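Chemist: Handing you a structure now.
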Amino acid sequence: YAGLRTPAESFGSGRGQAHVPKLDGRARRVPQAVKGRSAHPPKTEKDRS
Amino acid sequence: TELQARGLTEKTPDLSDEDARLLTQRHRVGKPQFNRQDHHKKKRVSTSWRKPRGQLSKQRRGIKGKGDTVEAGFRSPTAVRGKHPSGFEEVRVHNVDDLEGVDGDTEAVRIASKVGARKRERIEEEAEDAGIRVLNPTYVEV
Amino acid sequence: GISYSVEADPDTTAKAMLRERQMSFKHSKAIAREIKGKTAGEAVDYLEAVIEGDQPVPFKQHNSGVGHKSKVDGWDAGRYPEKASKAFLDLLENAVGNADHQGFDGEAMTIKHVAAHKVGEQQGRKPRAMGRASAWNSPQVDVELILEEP
Amino acid sequence: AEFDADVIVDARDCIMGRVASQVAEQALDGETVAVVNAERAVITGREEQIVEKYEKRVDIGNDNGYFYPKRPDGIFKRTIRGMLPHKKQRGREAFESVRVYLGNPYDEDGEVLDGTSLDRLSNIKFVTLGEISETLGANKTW
RNA sequence: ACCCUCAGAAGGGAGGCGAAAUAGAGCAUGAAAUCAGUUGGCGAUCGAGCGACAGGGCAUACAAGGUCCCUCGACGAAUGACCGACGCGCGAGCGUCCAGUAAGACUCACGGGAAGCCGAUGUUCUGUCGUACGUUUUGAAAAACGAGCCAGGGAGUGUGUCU
RNA sequence: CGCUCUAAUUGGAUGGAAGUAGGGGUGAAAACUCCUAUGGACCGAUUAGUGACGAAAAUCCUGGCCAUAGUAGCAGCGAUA
RNA sequence: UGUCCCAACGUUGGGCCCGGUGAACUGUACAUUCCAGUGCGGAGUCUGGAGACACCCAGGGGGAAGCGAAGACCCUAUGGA
Ligand SMILES: [Cl-]
Ligand SMILES: [Cl-]
Ligand SMILES: [Cl-]
Ligand SMILES: [Cl-]
Ligand SMILES: [Cl-]
Ligand SMILES: [Cl-]
Ligand SMILES: [Cl-]
Ligand SMILES: [Mg+2]
Ligand SMILES: [Mg+2]
Ligand SMILES: [Mg+2]
Ligand SMILES: [Mg+2]
Ligand SMILES: [Mg+2]
Ligand SMILES: [Mg+2]
Ligand SMILES: [Mg+2]
Ligand SMILES: [Mg+2]
Ligand SMILES: [Mg+2]
Ligand SMILES: [Mg+2]
Ligand SMILES: [Mg+2]
Ligand SMILES: [Mg+2]
Ligand SMILES: [Mg+2]
Ligand code: NA
Ligand code: NA
Ligand code: NA
Ligand code: NA
Ligand code: NA
Ligand code: NA
Ligand code: NA
Ligand code: NA
Ligand code: NA
Ligand code: NA
Ligand code: NA
Ligand code: NA
Ligand code: NA
Ligand code: NA
Ligand code: NA
Ligand code: NA
Ligand SMILES: [Sr+2]
Ligand SMILES: [Sr+2]
Ligand SMILES: [Sr+2]
Ligand SMILES: [Sr+2]
Ligand SMILES: [Sr+2]
Ligand SMILES: [Sr+2]
Ligand SMILES: [Sr+2]
Ligand SMILES: [Sr+2]
Ligand SMILES: [Sr+2]
Ligand SMILES: [Sr+2]
Ligand SMILES: [Sr+2]
Ligand SMILES: [Sr+2]
Ligand SMILES: [Sr+2]
């Protein structure tokens, strides 16, 4: 759930801004966002044997 | 009273006629810079080479003036490829034991930068006595 | 802050610095530029005349919208930045003071080196229309001066 | 005011464009040329159409400007400039070592360049730079 | 610490400590964007994808590259003469011989020379070519879309099953 | 080709490691390497692995910064001080 | 009855110059342009010419198919309400 604990939403078109989820004026959640989730991180379910 | 370099600094390797010819060729023909397209137009774009991929790329399309595109055709002659400009083939050396097996007539030695002064001193006096030139010698005031 | 950006022989030189001054950096570049090469006493007389309004300071770079001044030589735009000028009088007062404490004839020494550097900005905000606020900052200026025997 | 010309060309009864073409060729070869008696240079054709063309060049223009010369002096020089890359360094140098004169300010007589002479006994349809200038409104100072 | 300066517990100067204060307080290192000063090159008559490749100017402490230039000679691929002689053409010119000769890129040797001198690096000038990049598109320099600049961040990963 | 960490084999470093800046050499190239200054403690190579492994771009994200500019505003309201 | 013919003079606050304070919008790059042409047919940057010594102040806004807003029209989606 790392990076997913936020209700951040995108404003969509209109304010001359990229459609990036934001909260309190801060971008969040998405992988390209600082403090955003990891796109394809190490996973516990992986069989390493 | 002046600075002098340790070892066989002026030593030249002995090459076959053909190798001296090809070494002379490599040096005469040279090659283009081969820097990435438009590296000079944007500071965030470095010089390090990248194949131009743009569908409309002028360099990719081979338009004269947009710089040469890396191709096997630019390869240097096998017989001389990689040689120091002096003609010597270089041997990376980290200690005295690395000097063993090195032919001072065909190879010159290059002491890793990480090696310290103490160990360099031994490596340098041991290479000179072995007839091996040291490409990056220590300069001492004698 | 800055460090002197030029070497100085202590036996024939006196130094001085201003730190984090809250004054126009743009005015400082202009003033430094204008007094470099002058004698301390000349620089002082010059700056007092600027503050008095009798001598304009050429604005050769930060000149947008600046009105021309007849007394400006070899250039057109100039002004009378009295604030930054007073800061320079302090700097000169310090330099010449140090100069004399060392045995030199302060006032007579040449301003060998003088340059202003923007060391930072004191930040401020200003409310604006439509529920937004924008920057309203103060420049922070350091300036170095090296005096040298004639 | 004194012009050490290596060559002095006499344009009298000579086809302007042909002289121009040769004076340009020589100027580019480093020759300093002085074209003399420009008012007497000649251009073949029907006077009415010829004048209509030069009148159009005079009427053309706007704020940027299309300053076209009216004196045979300038007409001829402009004619030469059009045969020189006057905006390039070598071109401006060539052009600048060429001067045109009304009458002949020298003591020597100009020489007639081969292939540029017009035989008045064999031609009735041609005009004179001076005539063109007068029509254009120039002040016949020659 | 002490001293000097200053309206001054500020700041500055000098000084003391420490291997180091360019370790003096968001005080290990200290990139880029970028700013001040300054060095080299260009610069107030001249033209715009900012360059690539050639070749000139000016600039260059050492180290990590050591080559380069001219006479002559040797070798000498494709190509390839002048002149002279003879013969044709109205003419521009051509044929035969001289002759596949002289010449001919590279490379080498002798003799002489260069050390800002050769390479290289910075900038600038000349020549040739040249209307970014990525994307959308039949067609992009595009009056189609994206980016102010830089740094850092930023996209084929796991389980199960099948082949 | 380059990056991380693991292992085996094997080396470097306070007689100065990594990093950074400027510069020399090699490689078609990814990139490798040396010199000098800074730095002041760590750093490799080979082989077999491992993978939150490579950016110029997404009105991409965050931080920093320049031109804009010494510019607009610091006048306008029946309360002109 | 200055809405108009047809505009004038004046008043107050700005505007302009000076001290102090001091933002923002916008920025791929280059950029002194003009006339024609060419080009995805609506070019400061391509071609040909013309013109063009550098910098600065004030101005009204012709152009940058100016800036601001992933067209509210129209169509398309086995979209939403
Ligand atoms: Cl290969
Ligand atoms: Cl500022
Ligand atoms: Cl005109
Ligand atoms: Cl031209
Ligand atoms: Cl006739
Ligand atoms: Cl050869
Ligand atoms: Cl893939
Ligand atoms: Mg996170
Ligand atoms: Mg770049
Ligand atoms: Mg103004
Ligand atoms: Mg409100
Ligand atoms: Mg620090
Ligand atoms: Mg091994
Ligand atoms: Mg990265
Ligand atoms: Mg890409
Ligand atoms: Mg403005
Ligand atoms: Mg009142
Ligand atoms: Mg839309
Ligand atoms: Mg509708
Ligand atoms: Mg519905
Ligand atoms: Na939260
Ligand atoms: Na598992
Ligand atoms: Na300026
Ligand atoms: Na003046
Ligand atoms: Na004046
Ligand atoms: Na004619
Ligand atoms: Na005209
Ligand atoms: Na050069
Ligand atoms: Na697109
Ligand atoms: Na494009
Ligand atoms: Na277009
Ligand atoms: Na901005
Ligand atoms: Na944006
Ligand atoms: Na009225
Ligand atoms: Na306008
Ligand atoms: Na609805
Ligand atoms: Sr919309
Ligand atoms: Sr080292
Ligand atoms: Sr300016
Ligand atoms: Sr000719
Ligand atoms: Sr001190
Ligand atoms: Sr032969
Ligand atoms: Sr970045
Ligand atoms: Sr990644
Ligand atoms: Sr700013
Ligand atoms: Sr008031
Ligand atoms: Sr108001
Ligand atoms: Sr043009
Ligand atoms: Sr205006």
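To be explicit about the labels: the chains of the structure tokens are called A, B, and onward in the order shown, and within each one the residues are counted from 1, while ligands get numbers from 1 in the order they are shown.
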Neighbours of ligand 10 within 7 Å, counting only C-alpha atoms (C1' of nucleotides) and all ligand atoms, as JSON, numbers by chain?
Modeler: {"C": [65, 66, 67], "G": [57]}
Chemist: Please list as a PyMOL selection string every residue within 12 Å of residue 11 (chain F), counting only C-alpha atoms (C1' of nucleotides) and excluding residues in the same chain fewer than 5 positions away.
Modeler: (chain B and resi 93-98+112+114-115) or (chain F and resi 43-46)
Chemist: Write as a ChimeraX atom specification the residues around ligand 43, taking 8 Å as the cut-off and counting only C-alpha atoms (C1' of nucleotides) and all ligand atoms.
Modeler: /B:44 /E:150-153
Chemist: With only C-alpha atoms (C1' of nucleotides) as the counted atoms, please give the residues lying no more than 6 Å from region 23-34 of chain A, apart from itself and same-chain residues fewer than 5 positions off, as a list in words.
Modeler: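 In the requested form, the answer reads residues 3, 4, 8 and 39 of chain A; 154 of chain E; 61 and 62 of chain F.
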Chemist: Can you write just those residues out, C-alpha atoms (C1' of nucleotides), as a PDB file, in the first residue's frame?
Modeler:
ATOM      1  CA  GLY A   3       2.207   5.413  -1.859  1.00  0.00           C
ATOM      2  CA  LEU A   4      -1.480   4.477  -2.016  1.00  0.00           C
ATOM      3  CA  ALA A   8      -5.391  12.384  -4.266  1.00  0.00           C
ATOM      4  CA  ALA A  39       5.472   0.672 -10.379  1.00  0.00           C
TER       5      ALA A  39
ATOM      6  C1'   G E 154       9.821   8.468 -13.622  1.00  0.00           C
TER       7        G E 154
ATOM      8  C1'   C F  61       6.866  14.568 -10.478  1.00  0.00           C
ATOM      9  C1'   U F  62       9.756  17.224  -6.623  1.00  0.00           C
TER      10        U F  62
END
Chemist: With only C-alpha atoms (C1' of nucleotides) and all ligand atoms as the basis for distance, which of E:94, E:86, E:14, E:7 is at the shortest distance from ligand 41?
Modeler: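 Using only C-alpha atoms (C1' of nucleotides) and all ligand atoms, the shortest distance to ligand 41 belongs to E:14.
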